[PDB]
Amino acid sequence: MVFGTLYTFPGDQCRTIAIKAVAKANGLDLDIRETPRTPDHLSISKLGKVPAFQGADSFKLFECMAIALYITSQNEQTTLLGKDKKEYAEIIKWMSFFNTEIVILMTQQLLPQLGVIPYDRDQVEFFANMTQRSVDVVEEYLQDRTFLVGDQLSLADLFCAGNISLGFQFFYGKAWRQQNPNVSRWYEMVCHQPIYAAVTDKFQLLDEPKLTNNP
């Protein structure tokens, strides 16, 4: 049967890819609802935030990290949560870092350029820079590393790749990829893992950025 219901937006959302991916890998079928702010969604997330999740259980969850972790843990033989307590903590670290120091700031960089939140290039430039100095941490970390954590694919690879994909959809052109080769190489690798590619549209990179200022 269906293991539960996941409320999200249409397509390949930054905070949802990794959740779909580990569900299909662990053999848990999800019903996907792509219409936010319905009574059943707000029953989980009173604020109407995506992603939100309800088990067939009807066990309720919000926060993308919690949903990803709960799904992943269903498989007591999983390989994706590290070898030992150290590596588990590293996975928590990178998930939390990508969710707060990259996605949040990149969103402040992006929304003004789409019209959503009010616009100001001096403010938009501030966030582009802060976003980039956080990504720089990852660029340098991945020098001579293949995976974020240990020697095989983990939930952090899938979750954080999914997060950063926002950057590859809008800002990260060939030029950017030239200055950020390790992140580019790692991202491109995660996106070609079967577990991840199974639940996403076809991989594709920008030539020119779709965005600079002003709009």
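Start at 1 and count along the sequence shown; that's the residue number.
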Can you let me know which of the two, 83-91 or 113-121, has the higher average C-alpha B-factor in the entry?
113-121
I need to verify one thing: averaged over C-alpha atoms only, is the B-factor higher for 17-25 or for 203-211?
203-211
Temperature factor at the Cα of residue 181, chain-ranked in thirds, falls in the middle
Among the modelled residues of its chain, does the C-alpha B-factor of residue 46 lie in the lowest, middle or highest third?
lowest
Would you check the entry's CA temperature factor for residue 154 and let me know if it's in the chain's lowest, middle or highest third?
lowest
Using the temperature factors of the C-alpha atoms in this entry, rank residue 54 within its chain: lowest, middle or highest third.
middle
Which third, lowest, middle or highest, does the CA B-factor of residue 77 fall in along this chain?
highest
